[PDB]
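Q: PDB entry and its sequence, pasted below:
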Amino acid sequence: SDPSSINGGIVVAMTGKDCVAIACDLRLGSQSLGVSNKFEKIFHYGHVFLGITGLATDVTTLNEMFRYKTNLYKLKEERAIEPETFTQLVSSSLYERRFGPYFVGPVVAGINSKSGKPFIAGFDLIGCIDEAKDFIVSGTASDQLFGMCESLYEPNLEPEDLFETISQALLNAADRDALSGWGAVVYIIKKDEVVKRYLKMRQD
Amino acid sequence: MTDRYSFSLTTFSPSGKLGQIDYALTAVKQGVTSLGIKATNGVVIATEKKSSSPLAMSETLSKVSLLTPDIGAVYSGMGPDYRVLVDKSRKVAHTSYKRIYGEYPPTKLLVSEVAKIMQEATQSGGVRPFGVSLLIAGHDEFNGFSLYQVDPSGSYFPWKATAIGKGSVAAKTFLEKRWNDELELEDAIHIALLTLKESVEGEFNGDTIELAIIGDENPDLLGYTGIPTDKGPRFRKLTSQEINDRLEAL
Amino acid sequence: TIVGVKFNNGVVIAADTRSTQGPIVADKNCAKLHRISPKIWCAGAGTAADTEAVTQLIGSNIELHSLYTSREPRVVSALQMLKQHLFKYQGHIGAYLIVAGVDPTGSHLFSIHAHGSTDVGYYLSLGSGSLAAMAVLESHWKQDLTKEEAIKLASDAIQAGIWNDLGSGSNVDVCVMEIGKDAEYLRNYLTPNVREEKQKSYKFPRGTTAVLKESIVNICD
Amino acid sequence: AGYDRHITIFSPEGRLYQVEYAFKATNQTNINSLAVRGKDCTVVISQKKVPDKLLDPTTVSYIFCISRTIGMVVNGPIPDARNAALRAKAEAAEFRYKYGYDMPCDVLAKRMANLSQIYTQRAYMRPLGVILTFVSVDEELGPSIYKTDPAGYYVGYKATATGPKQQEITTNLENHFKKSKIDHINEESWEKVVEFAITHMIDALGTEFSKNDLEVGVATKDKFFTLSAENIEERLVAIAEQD
Amino acid sequence: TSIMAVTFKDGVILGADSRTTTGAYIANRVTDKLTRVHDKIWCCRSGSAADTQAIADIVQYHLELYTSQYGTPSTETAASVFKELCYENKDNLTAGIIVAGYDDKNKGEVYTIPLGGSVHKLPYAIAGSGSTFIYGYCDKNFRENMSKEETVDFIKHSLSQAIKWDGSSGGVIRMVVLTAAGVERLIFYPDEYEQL
Amino acid sequence: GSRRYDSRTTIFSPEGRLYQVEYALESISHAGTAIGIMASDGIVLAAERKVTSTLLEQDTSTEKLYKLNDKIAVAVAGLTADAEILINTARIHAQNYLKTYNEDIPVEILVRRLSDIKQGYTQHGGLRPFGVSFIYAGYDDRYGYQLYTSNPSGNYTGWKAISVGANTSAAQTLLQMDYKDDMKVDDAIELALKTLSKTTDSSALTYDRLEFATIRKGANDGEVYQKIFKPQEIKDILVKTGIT
Amino acid sequence: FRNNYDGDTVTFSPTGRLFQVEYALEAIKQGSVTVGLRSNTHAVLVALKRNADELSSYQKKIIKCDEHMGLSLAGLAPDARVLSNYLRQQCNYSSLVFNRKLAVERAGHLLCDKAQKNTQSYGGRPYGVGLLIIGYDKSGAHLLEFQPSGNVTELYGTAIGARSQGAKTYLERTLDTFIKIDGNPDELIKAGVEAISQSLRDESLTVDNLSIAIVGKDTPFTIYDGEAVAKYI
Amino acid sequence: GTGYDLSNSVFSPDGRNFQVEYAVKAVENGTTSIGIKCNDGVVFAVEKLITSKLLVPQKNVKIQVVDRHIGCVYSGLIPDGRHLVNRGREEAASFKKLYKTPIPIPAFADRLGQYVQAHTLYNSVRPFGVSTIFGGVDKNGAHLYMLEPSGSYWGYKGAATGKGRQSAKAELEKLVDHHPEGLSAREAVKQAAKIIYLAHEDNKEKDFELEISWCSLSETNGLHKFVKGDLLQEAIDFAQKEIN
Ligand SMILES: *C(=O)[C@H]1NC[C@@](C)(O)[C@](O)([C@H](CC2CCCCC2)NC(=O)[C@H](Cc2ccc(OC)cc2)NC(=O)[C@H](CCO)NC(=O)CN2CCOCC2)O[C@@H]1C
Ligand SMILES: [Cl-]
Ligand SMILES: [Cl-]
Ligand SMILES: [Cl-]
Ligand SMILES: [Mg+2]
Ligand SMILES: [Mg+2]
Ligand SMILES: [Mg+2]
Ligand SMILES: [Mg+2]
């Protein structure tokens, strides 16, 4: 019935001191049946990272669409798209399908290559921009993630500390949702380098 | 009724010439002189307000037009052709960029969109090319200041400085002497006014000269305060008074 | 909660900064005050995406119209364009707007409903906090307010919403539009809902989380 | 090769002959018109020539009421004049409905000029062989004269003249504004601004006018109206008690 | 809503309450329901505010374009345009409109257009939710060729009763007088009309 | 009617030639020369800028060498405006293929599509052809390093080395003379410059009148890299090869 | 002169002529002769059918449009088929919608307006056929002459095609006689056969050569060919 | 050069449209038709050339009614006139449907005017080969109009077009001078009959049939009606008396 509750999955993004983090679970299910334990929900177009929750076919479709649009952007502009600009592209792209929308909860994370300023943003399925300085949450365990983030989070965390905070926010939220979990991956994004880590979590 | 002209009116001649484009460039050459000079910290575009009657009010006719708050345009050739190109250029900046990315297009891309419109008038059924050459001066965060020429063919090239129309050959020669990669914006306005004096026959003052700059942000011209990121438009048209002030130090 | 109040030499609009998904607060500090043109500002209630999209579209078309006519944008233009668009979609674009501004013809204050009905008044309110705000306006409003009186009344009306309405909360945004001068946008004019310092720091001892596999990601092409 | 004179494509000299020949059609009526700005009004005078005795003089007009505020005088054939009139009226009505305020004189002028420019670029549309002089007291710019031509050119004027003996009326008005040092007729009543326009029309053309030889339109704050034969006669009696 | 238009010796008078409600909430207590479509052709709007505004805006456009071409339109012509929109879009409109105008030949005229999109020319017309309560009063008290003072009284008494009984009606009684003299705006405050 | 003014751009001559295609090729024969050379370990694209000034900004300038893909580039000869229309559609076709199959478009498939669009303007529509000839330099995992050419007729062919634009006859003779199958990229860069230097209609071959691009598989990576040479980089390679 | 202003129907000549229309009118004169004549009770069509070889059939010249209306053709047969098919539909429309037999005068007006549209638009060509429509409606017997120009004329009698002037002069002389042949179909047909025979020259009208149609008071539009016309030769 | 008269919408160097002026020749070639504006209405009359005795008298009607209050008569290509009245009828129906009131004569005049003018804007259509005289009674008085192939029209006291327009115009001019207080509807019918009989002398070789119609506020209740029987004969006799 509810396309946002068929496949399951979660994404969370957080800002630290001259860094951002975006994390997601690996579950792809069909209602109660778990199907895949390797379905990643975070993609990157240059230095801009996009996490997508909701109906899995639309997650895959939007990934292919934004790769398409960012590839054309780069050829015309002769530079990589910035998080703030990409956020506006996602917003206008989703509102284009206002009366037939993609059943998704996108999350943009990245560092503006020029200003060095950490940036995150969230959207509803029709592309209303939610620009928060602290954290963004999305998926079937959004209530849980909101609770964990609102408690655990403090401003200006170092990359190594921010990793522990986002990891614990995701893991504990996922273990209170039937349709989330089955493994998790965390992205620690800095100006120069980006570290990707797979978390050991409960396989139930 | 119905446009039965579904065929090209611009075709290759046995010599390999595109007649209607060549004839369009001829119409541009007859047009009043206009020029553009790029400084280190700005760009200047200037033309002569050739009043068609002393009863006519030269102020009610803008040869220099704002496309975006950071991009300006001037022309040589057919005025009406320019006017509708400015209207289309302003709209395509919104439909094809601002309504997608939530920011104004960079100079090179808006130039690229104007170039396309003029190329289509070269190939589409039942139309003639545009009888104008544009000089588009603009600023964007990642390219800085830039100056482009756009021809009836749809071709466009970036310039440090150039001129188009009547006395373009002589004006381009004078700019080659005076231009360096260390010019300040005030020096470029001074050089622009010198170059344009050689083109103008009659009265040479702020009421007969139309000149605009792409320079620093004008927070006084924004019209609102309270958004730090919004610092105002880089495009400013110089007043009749502001030109005359610089003409006494000629 | 959004309100508009006319004073003797202009108009002021105010709004709260709470965005909600059902009972959950999505954004504790979102700006509901949008710029149609430099001296025409809009406050939006209803479907969040709809209020933002319709404000950007008419704002874009108003700019193009302003360049075409070489004139300052008029509030009646923004009004007519919003109502004709919202009406065409038979209320399926759930945008409820208070449009205010100054133009050559003077100062203006209007409300627009999702089905394309418009109202004109000296004081208006829309949103879940509409009735809490309107109660304050109906109590304290008089004719010939000063700039400082109108800001006070408009601000008090939003506070009524923040405290007494669950849909509304956090901070008060204000935009003042005076006939003579530039429109001044006062982002977080009031911040009466600051979070008290937490009882404990939840900074984890490094190595707390169990990691299976680690790798450096390729950003450069 | 020789068809560059039949449709609106460029000649080797970079010229549009169909646009130039369209300009030639504007003088086919052999009618002279001028427009002058008062302190708070705009007046248009046009020659009225009724050759046929069978014609109904009341129906012969080249002055049109486009909107409540905008008036338009045409120099050219009446079929093309009426084509341009109906379009301007339609554009004035549509503008008001969509944007919620009366279309300004200069914006209608720009719009009509843009339409003329399209006939200048598209082959299947011929240019209209007319020159449109738009007048009003705009609620922003005040007294306004804006003129369009078959080329798609338009501009505002302090005063203007159109027709065969355009140059004689133009230079006459020029010399007055060199002398007065102002860009309008310094007069409170529109009646005296009409009297001025008729006086300088007589001086330039060197012809005396009866009440049926002229056609007058006046734009004021929130109305444009045309004078009747008897309103003109009252005006002709006033100028007579001065010469 | 309580709206009415009354023909009298010198022309016609439009009257309306000032209350707009979304459920039991009074969204606007100073609504102007008397809408101009031409110098001396006005209409009273009842039903969907969105629909009646959209219609009135389109009619004002049509009559402005009519005037540009063929001069001053008749009150009948205005009613015909209102009808054409209402009838041909009956499935998507909830609008009940009274059209009233002053012609120099025809004097004052009133046309009423109920939901269906039919047209009815009447000496006087009443409409809106509050009209049900004053059918009795209006039929008994209306005479043809009343004076201006008499007609203002008839509307003031009629709408005060409609306001008194109908919850959907209230606020101020706005009137618009249409004669050869011109257009006169009248307003009557609760503290006056309530104690009649 | 309108029949009077119809050029009829898509008809055969009594000899069985397409007038507009032939006259479009005549147009291109005056455009600045562009050369492609395929080596064992990469491909070279070199092009001569037609008409220059002291005041022409070369740093922000691109009129001949355009990037279609991360693995495919084109050298242009003819109307720049016409080329940018086709380049834009070619860029889109490449992204449509990637979105559909999740694989980068094979070089021939892209070339055939552009060539088929040109063929369209040749057979129907009554519009003038595109006054453009392309050299496609690309790499895919089927045929490796590939060099193609397309012209207004909509005909395309593959080459080891080729020239388009001005003095192709002279340029093709010099390439056919000094080209060997076992060539290296650095040898191809030299050959390309030597050929242009001898076919140039100008006094000397300076850096400010050249555009240069290479498609190499940098041994210290294992992936293909496109390098569009900067003015200073063209100035350097010009001195090393012995043209100063 | 003529060579420059006959390229299409959208072009007027300097004398104010439409040559493409006049060229279409020429296709009629080349066509085989057909005659029409009416009394107050009946209307008769007599048409001379033309053959290609002695091995070929004599091409049919008369088409039935309704039970009360029909026409004879002279010129391009396909154009006669198009116009007759259109007239069949208009007769058919009048019957189904209004339960009303289409007035012969109004049938003429519709053919006129359809022909006209082919004479003012580019790309189109005029119809290359002339038609003689007969019918008995509510206002008695009717005969119409249709010309591709769009000109339709109600007449007592007429003839179109090759040597058609012979029959037209005869009818112009016999007018006072045949107009009064009321309630006698055989005498009106004989008067039509004597009319067409005034336009002969090549051969004499034989059995499989002559084509006759009649409509009237209590006679539905019926076509007589072959053996059935033997008693009129 | 020349060829300015081969295409409809083309301007000649002297700012003329020759295709429109050639259409006028088709009108001048045609039958003569008049209109007379009386004190409370309008009268229309036309010459009907009797080709032969075979033409059924009183049957081939030329004067056409638009709505119920407007009369239209034309000279030149009869089919072109019918096409214009067909449009006029659609135009009058459209007006009445929206505005309820029957179309005013000036309103109707411009409607025909704009349609005819439209057939001078494009080379894909031919101009109208008719000059149309029309009018009737509306809200504020009687109106008579004449419409040229150019789209040009004016209001008239009297109008004439076709073969004998000079004879007509001359006779109309005499009436305007000798009746400054205005002619009556009854008188205008008799007078119209005379002017047709006098204007027939430019075509006196062929016998002709007279056809009159009128739209009077007092005589026909402001409805267009045909003059028939006694009043037609009375008018024919008035003309037949004053021709000698
Ligand atoms: C004062 O009265 C405030 N009261 C709070 C509130 C929430 O009612 C609101 O109108 C606020 C308007 C602002 C929010 C911040 C961005 C600018 C606009 N509205 C919302 O936040 C809105 C509530 C709402 C949700 C859903 C519906 O239809 C079901 C109506 C109202 N929230 C949203 O629209 C969220 C996005 C928040 O990030 N979107 C959804 O829940 C997604 N659905 C949208 C409808 O289509 C289906 C998906 O502020 C006033 C001024
Ligand atoms: Cl426009
Ligand atoms: Cl309302
Ligand atoms: Cl109601
Ligand atoms: Mg779980
Ligand atoms: Mg489980
Ligand atoms: Mg043209
Ligand atoms: Mg009440």
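A: Yep, it's here. Numbering: from 1, shown residues only, chains lettered A, B, ... in the order given. Ligands and ions are numbered 1, 2, ... in the order given.

Q: could you see whether chain C lies near the lengthiest helix in chain A?
A: Longest helix in chain A, counting residues (DSSP state H): helix A:56-77. No - Helix A:56-77 lies apart from chain C when judged by CB under 8 Å from any CB of the partner chain; the minimum separation is 8.7 Å. Just so you know, the C-beta spots here come from the backbone N, C-alpha and C atoms, and that holds for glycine as well.

Q: next helix or strand past that helix?
A: Stepping forward along the backbone from helix A:56-77, the first helix or strand reached (DSSP states H and E) is helix A:83-95.

Q: can you list contacts of that next one?
A: A:45, A:48, A:50, A:62, A:65-66, A:69-70, A:73, A:81, A:101-102, A:104, A:106, A:108-112, A:119, A:121, A:123, A:125-129, A:131, B:99-103, C:49, C:53 (CB atoms under 8 Å, 6 or more residues apart in numbering or on different chains).

Q: hmm, back to that, show me what the longest helix of chain A is packed up against.
A: With contacts taken as 3 or more CB pairs under 8 Å, 6 or more residues apart in numbering or on different chains; DSSP states H and E, helix A:56-77 sits against strand A:42-45, strand A:48-54, helix A:83-95, strand A:104-111, helix B:107-123, helix F:80-101.

Q: mind redoing it with 7 Å?
A: With contacts defined as 3 or more CB pairs under 7 Å, 6 or more residues apart in numbering or on different chains; DSSP states H and E, the packing partners of helix A:56-77 are strand A:42-45, strand A:48-54, strand A:104-111, helix F:80-101.

Q: which elements pack onto whichever strand or helix holds residue D:219?
A: Assigned by DSSP H and E, residue D:219 falls within strand D:214-220. Using 3+ CB pairs under 7 Å, 6+ apart, the elements in contact with strand D:214-220 are strand D:42-47, strand D:71-75, strand D:131-138, helix D:190-205, strand D:223-226.

Q: list the contacts of residue 103.
A: I went with chain A, as the question did not name one. Neighbour list for residue A:103: A:3-4, A:54-55, A:58, A:125 [criterion: CB atoms under 7 Å, 6 or more residues apart in numbering or on different chains].

Q: switch to chain D, please.
A: D:67, D:92, D:95-96.

Q: what do you get if the cut-off is 8 Å, keeping everything else the same?
A: D:67, D:70, D:91-92, D:95-96, D:111.

Q: what pairs with the most centrally placed residue in chain D across the strands?
A: Relative to the mean C-alpha position of chain D, the nearest C-alpha, by CA atoms, centre = their mean, is the one of residue D:133, at 2.9 Å. With DSSP bridges as the criterion, residue D:133 is bridged to residue D:73, residue D:147.

Q: that one and residue D:197: what is the separation?
A: Distance, residue D:133 to residue D:197, using CB to CB, to the nearest Å: 13 Å.

Q: now list whatever residues contact both of the two.
A: The contact lists of residue D:133 and residue D:197 share residue D:44, where a contact means CB under 8 Å, 6+ apart.

Q: quick check: buried residues in stretch D:124-140?
A: Judged by neighbour count using 16 or more other CB atoms under 10 Å in any protein chain shown, the buried positions of stretch D:124-140 are D:124-138.

Q: now for those, which pair is the farthest apart?
A: D:124 and D:137 (38.6 Å; CB to CB).

Q: who touches the helix or strand harbouring residue G:112?
A: Per DSSP H and E, residue G:112 falls inside helix G:104-117. Helix G:104-117 is touched from outside by G:65, G:69, G:83, G:86-87, G:90-91, G:124, G:126-127, G:131, G:133-135, G:137, G:139, G:142, G:144, G:146-152, G:154, H:59, H:79-80, H:82-83, H:86, with contacts defined as CB under 8 Å, 6+ apart.

Q: and what of stretch D:186-201?
A: With CB under 8 Å, 6+ apart as the test, stretch D:186-201 has contacts from D:32, D:34, D:36, D:38-41, D:43-45, D:169, D:172-173, D:176, D:180, D:185, D:209, D:214, D:216, D:218, D:220, D:227, D:235-236, D:238-239.

Q: so which bits of that stretch are buried?
A: Going by neighbour count (16+ other CB under 10 Å), the buried part of stretch D:186-201 is D:187, D:190-201.

Q: how many residues are close by residue D:49?
A: Residues near residue D:49, counting by other CB atoms under 10 Å in any protein chain shown, number 12.

Q: please name the nearest non-neighbouring residue to it.
A: residue D:31 (6.6 Å; CB to CB, 6 or more residues apart in numbering or on different chains).

Q: residue B:159 now?
A: residue B:147 (4.9 Å).

Q: spit out the contact partners of the residue in chain F positioned nearest to chain B.
A: Taking CB to the nearest CB as the measure, chain F has residue F:81 as its residue closest to chain B, at 2.8 Å. Residues counted as contacts of residue F:81 (CB under 8 Å, 6+ apart) are B:115-116, B:118-119, B:122, B:153-155.

Q: one more: residue A:157?
A: Shown in contact with residue A:157 (CB under 8 Å, 6+ apart): A:14, A:16-17, A:165, C:203.

Q: and it, helix, strand or coil?
A: Three-state assignment for residue A:157 (DSSP: H, G, I helix; E, B strand; the rest coil): coil.

Q: who's sitting farthest from the centroid in chain B?
A: residue B:1 (37.1 Å).

Q: residue farthest from the centroid of chain A?
A: What lies farthest from the middle of chain A is residue A:76; by CA atoms, centre = their mean that is 26.7 Å.

Q: was I right to think it contacts residue B:109?
A: Yes - counting by CB atoms under 8 Å, residue A:76 touches residue B:109, with 6.3 Å between them.

Q: find the centremost residue of the chain, please.
A: No chain in the question, so chain A it is. Note: chain A centre (CA atoms, centre = their mean) maps to residue A:51, 2.6 Å.

Q: hmm, I had chain G in mind actually
A: By CA atoms, centre = their mean, chain G has its centre lying nearest to residue G:132, at 2.0 Å.

Q: chain neighbours aside, what residue packs nearest to it?
A: Residue G:132's closest residue in space is residue G:36 (CB to CB, 6+ apart), at 4.0 Å.

Q: what's the local residue count around residue A:55?
A: Residue A:55 is flanked by 20 other residues according to other CB under 10 Å.

Q: meant to ask about residue H:243, not that
A: Other residues lying near residue H:243 total 11 when counted by other CB under 10 Å.

Q: if you skip the residues just before and after it, what's nearest to it?
A: residue H:197 (5.3 Å).

Q: how about residue C:150?
A: Once flanking residues are discounted, residue C:150 sits nearest to residue C:7: 3.8 Å by CB to CB, 6+ apart.
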